Amino acid sequence: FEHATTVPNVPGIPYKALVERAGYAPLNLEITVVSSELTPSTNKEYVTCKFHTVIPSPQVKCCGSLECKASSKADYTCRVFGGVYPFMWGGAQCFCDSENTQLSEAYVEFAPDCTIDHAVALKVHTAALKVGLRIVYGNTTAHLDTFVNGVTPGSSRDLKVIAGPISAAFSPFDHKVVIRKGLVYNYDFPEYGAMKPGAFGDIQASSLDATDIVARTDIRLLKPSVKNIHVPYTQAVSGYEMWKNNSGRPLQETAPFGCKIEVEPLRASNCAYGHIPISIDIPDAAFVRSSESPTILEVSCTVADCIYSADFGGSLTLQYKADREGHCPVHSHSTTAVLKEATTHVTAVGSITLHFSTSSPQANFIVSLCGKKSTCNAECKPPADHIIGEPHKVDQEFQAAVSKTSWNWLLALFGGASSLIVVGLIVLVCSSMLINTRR
Amino acid sequence: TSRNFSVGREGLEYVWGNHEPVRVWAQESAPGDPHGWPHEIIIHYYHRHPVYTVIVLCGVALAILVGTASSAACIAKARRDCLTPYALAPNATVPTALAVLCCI
């Protein structure tokens with residue numbers, strides 16, 4: 001049936017729980033996040049790359065005038081120069097020594113190799129998280145993908161899971177991102193049409209084959225100072241090249257929570273952040289009544305050497321007596337200690353050794369076998385290894401982060417102070433009311 | 001050459017050259033002992049969260065001991081308030097056990 005539990009959003013770290021129905025045998029269930037994806041909504045503003053400045057074949061009028069026209073070409077510049085007398089290899093090209101105007105044009109296009117080297121400007125909106133979950137309850141394992149919002153019934157063959165809302169809202173993407181050759185950057189780019197010379201986004205198009213390009217590259221057409229035909233001009237540097245020199249570090253190296261950044265589509269995968277509430281409806285064919293599960297009559301917990309570590313640094317043995325054989329489950333009922341196994345085979349008499357992980361200096365948790373509880377008591381030493389290649393399987397709680405010896409010392413001192421103050425107050429009141437009694 | 005980096009409970013990742021990334025996590029392997037002696041306990045917890053132990057544990061325990069001074073003040077008040085009645089009853093008797101200390 002229904003089981004409401006909160007799972008930490010950490011990929012690869014199993015979460016174990018026990019569902020205890022009032023008439024059935026306890027059932028083990030394990031919820032693990034295998035993969036997560038955080039994809040936002042994106043909208044392309046434009047593409048940008050290095051521009052190519054095209055200087056056409058200049059126009060020359062020998063004994064007349066020319067005028068500048070209008071064009072739709074990106075950053076189209078035009079200028080008329082009179083008093084011209086150009087030359088080629090053959091010699092002079094006009095029959096008037098003066099009044100021989102020349103027309104200079106300039107505009108920009110996309111370079112031949114921009115089909116590979118280009119950047120896309122995107123605006124990102126609300127990011128939605130999707131996780132892949134492995135759920136094992138009893139003898140069956142189930143894999144499914146669910147949306148962490150709180151409404152969508154996550155895919156569930158012979159099951160039903162609802163995840164969400166996520167306990168925190170996190171996105172590695174700012175409102176504006178750029179993507180170049182698979183790398184992602186948080187960059188505040190100019191709006192479409194708001195181009196500035198020498199900065200990123202100085203040439204803008206919807207597509208690379210688009211016929212309408214807008215640009216602003218600060219082209220200046222100068223008067224020719226030589227006798228051979230020449231179109232002198234000066235221009236600003238490529239904003240795309242300047243940005244490629246000042247792009248900074250990508251989002252694949254700066255994203256928090258260990259997110260892996262991927263493109264097509266833009267997404268952050270395998271982030272570790274927050275907690276995910278999950279509601280699961282277990283099928284009733286997965287429950288067995290207590291009349292079929294073994295019923296042990298006693299159980300004792302002995303704790304071997306333990307350390308509070310990121311790995312299974314502890315061990316314990318359960319000594320039991322069951323009336324028959326079977327396949328009971330096991331479970332630790334503390335938030336600071338987790339078992340490695342989930343089920344075990346029990347017989348008439350025997351022992352089972354279990355391994356655990358804790359974050360607490362003291363191991364005072366409760367373990368169940370066939371649903372019967374026993375108390376484990378020991379103290380765990382600090383680990384010797386400083387660094388490991390695993391994450392910590394449990395969280396650190398202030399109560400179960402102080403040793404019992406330290407709690408005893410602190411409580412002794414605080415209680416001694418409180419008892420001294422209480423003795424003082426009782427003496428004050430008593431030896432004052434003695435005045436009332438005596439007269 | 002060599003480079004130093006800090007890693008906590010949440011972990012750290014480093015990528016060297018064209019190699020795959022490598023992740024490492026830190027444990028609570030501080031010097032001292034949580035189960036030993038008060039000086040060993042304090043050394044251990046001063047390396048695991050130095051701010052918490054000095055302030056909300058050892059500073060308050062110190063101020064807690066100063067609060068016992070107010071307890072002695074009540075004793076001193078209940079001592080003088082009971083000993084300020086000294087001589088107002090002629091033709092009376094006093095206990096012998098207290099007659100040696102009542103005069104002084």
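Heavy-atom basis, side chains included; hydrogens, waters and symmetry copies ignored. Protein chains get the first letters and strands the later ones, always in sequence-line order, with residue 1 at the start of each.
For an aromatic pair to be called close, the ring centres must be under 6.0 Å apart, and A/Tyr187 with A/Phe200 satisfies this. Outside the 6.0 Å centre-distance limit, the rings of A/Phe356 and A/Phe312 are not counted as a close aromatic pair.
For A/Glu45 and A/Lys123, the salt-bridge test passes: some basic side-chain N is under 4.0 Å from an acidic carboxylate O. Using a 4.0 Å cut-off between charged nitrogen and carboxylate oxygen, A/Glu390 and A/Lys393 count as a salt-bridge pair. The existence of a salt bridge linking B/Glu13 and B/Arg23 is confirmed by a sub-4.0 Å separation between a basic side-chain nitrogen and an acidic carboxylate oxygen. The pair A/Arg21-A/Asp284 meets the salt-bridge criterion, since a charged nitrogen lies less than 4.0 angstrom from a carboxylate oxygen.
Proximity of a side-chain donor or acceptor of A/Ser41 to a complementary backbone N or O of A/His125 within less than 3.5 Å is not detected. A donor-acceptor pair under 3.5 Å is absent between the side-chain atoms of B/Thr68 and the main chain of B/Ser71, judged by distance alone. A donor-acceptor pair under 3.5 Å is absent between the side-chain atoms of A/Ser432 and the main chain of A/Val429, judged by distance alone. Not a single donor-acceptor pair under 3.5 Å links the side chain of A/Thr254 to the backbone N or O of A/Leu251.
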After noting the C-alpha distance and the side-chain angles of A/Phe170 and A/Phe257, does the key distance pass the ring-ring contact (aromatic ring centres under 6.0 Å, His included) rule?
CA-CA 9 Å; A/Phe170 169 76; A/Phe257 296 114; 4.6 Å; yes
Would you please test A/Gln252 and A/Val184 for side-chain contact (heavy atoms from CB on, under 4.5 Å) and show each step?
CA-CA 7 Å; A/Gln252 285 84 358; A/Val184 183; 4.1 Å; yes
Could you walk me through whether A/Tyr137 and A/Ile135 satisfy the side-chain contact (heavy atoms from CB on, under 4.5 Å) test, starting with their C-alpha distance in whole Å, then the side-chain angles of each, then the deciding distance to 0.1 Å, before giving a yes or no?
CA-CA 7 Å; A/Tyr137 49 101; A/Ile135 305 184; 4.2 Å; yes
Going through the checks in order, is the side-chain contact (heavy atoms from CB on, under 4.5 Å) test met by A/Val346 and A/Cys370?
CA-CA 9 Å; A/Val346 304; A/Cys370 303; 4.3 Å; yes
side-chain hydrogen bond (donor to acceptor under 3.5 Å, both in side chains) between A/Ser35 and A/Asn270: does it pass, once the steps are laid out?
CA-CA 6 Å; A/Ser35 42; A/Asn270 298 147; 5.2 Å; no
Begin with the C-alpha distance, continue with both residues' side-chain angles, and end with the deciding distance and a verdict on side-chain hydrogen bond (donor to acceptor under 3.5 Å, both in side chains) for A/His333 and A/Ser368.
CA-CA 8 Å; A/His333 297 252; A/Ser368 283; 2.8 Å; yes
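Residue-environment remark: CG (A/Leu411) exceeds the threshold of 12 foreign heavy atoms within 6.0 Å. Annotation for A/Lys176: atom NZ counts as buried by contact number, over 12 foreign heavy atoms lying within 6.0 Å. Other residues, nucleotides and ligands contribute at most 12 non-hydrogen atoms within 6.0 Å of the CD atom of A/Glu292. Heavy-atom contacts from other residues, nucleotides or ligands closer than 6.0 Å to NZ of A/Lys340 number 12 or fewer. Counted within 6.0 Å of NZ on A/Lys244, heavy atoms from surrounding residues, nucleotides or ligands total more than 12; the atom is thus considered enclosed. No more than 12 heavy atoms of other residues, nucleotides or ligands sit less than 6.0 Å from atom CZ of A/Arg134. Around the OH atom of B/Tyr14, the shell of radius 6.0 Å holds no more than 12 heavy atoms that belong to other residues, nucleotides or ligands. Other residues, nucleotides and ligands contribute only 12 or fewer heavy atoms inside 6.0 Å of the NE2 atom of B/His19.
One finds the OG1 atom of A/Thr317 at 8.5 Å from the CG atom of A/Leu354 (value rounded to the nearest 0.5 Å). Here CD of B/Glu28 is found 13.5 Å from SG of A/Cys380. Values are rounded to the nearest 0.5 Å. In this structure, NE2 on A/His275 lies 10.5 Å from OG1 on A/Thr5, to the nearest 0.5 angstrom. If you take CD1 on A/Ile31 and OG1 on A/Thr6, they are separated by 9.5 Å, rounding to the nearest 0.5 Å.
When every heavy atom of A/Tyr320 is checked against every heavy atom of A/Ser351, the shortest pair comes out as CE2-N, 3.7 Å. Heavy-atom minimum distance, B/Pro21 versus B/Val15: CB-CG2, 3.8 Å.
Using the six-membered ring where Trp is involved, B/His44 and A/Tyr308 have ring planes that are perpendicular, over 60° apart on the 30 and 60° scheme.
When the ring pair (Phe, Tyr, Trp, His ring centres under 6.0 Å) test is applied to B/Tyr52, no partner is found at least two apart in sequence or on another chain. For A/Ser403, the side chain to side chain contact (heavy atoms under 4.5 Å, CB included) partners two or more places apart in sequence, or in a different chain, are A/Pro361, A/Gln362, A/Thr405, A/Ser406, B/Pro34, B/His35, B/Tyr45.
Side chains of A/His3 and A/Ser279: a donor-acceptor N/O pair is absent below 3.5 angstrom, by distance only. Residues A/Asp385 and B/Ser29 have side chains that never bring a donor and an acceptor to within less than 3.5 angstrom of each other. A donor-acceptor pair shorter than 3.5 Å can be found between the side chains of A/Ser309 and B/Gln27.
With a 4.5 Å cut-off on side-chain heavy atoms, A/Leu159 and A/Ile280 count as touching.
For the side chain to side chain contact (heavy atoms under 4.5 Å, CB included) test with A/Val330, the passing option among A/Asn28, A/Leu18, A/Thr344 is A/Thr344; the others fail. Among the candidates A/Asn186, A/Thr42, A/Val120, the single residue satisfying the side chain to side chain contact (heavy atoms under 4.5 Å, CB included) test with A/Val177 is A/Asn186.
A/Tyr185 does not carry A/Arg180 over the face of its six-membered ring by the limits of under 6.0 Å from the centre and within 45° of the normal.
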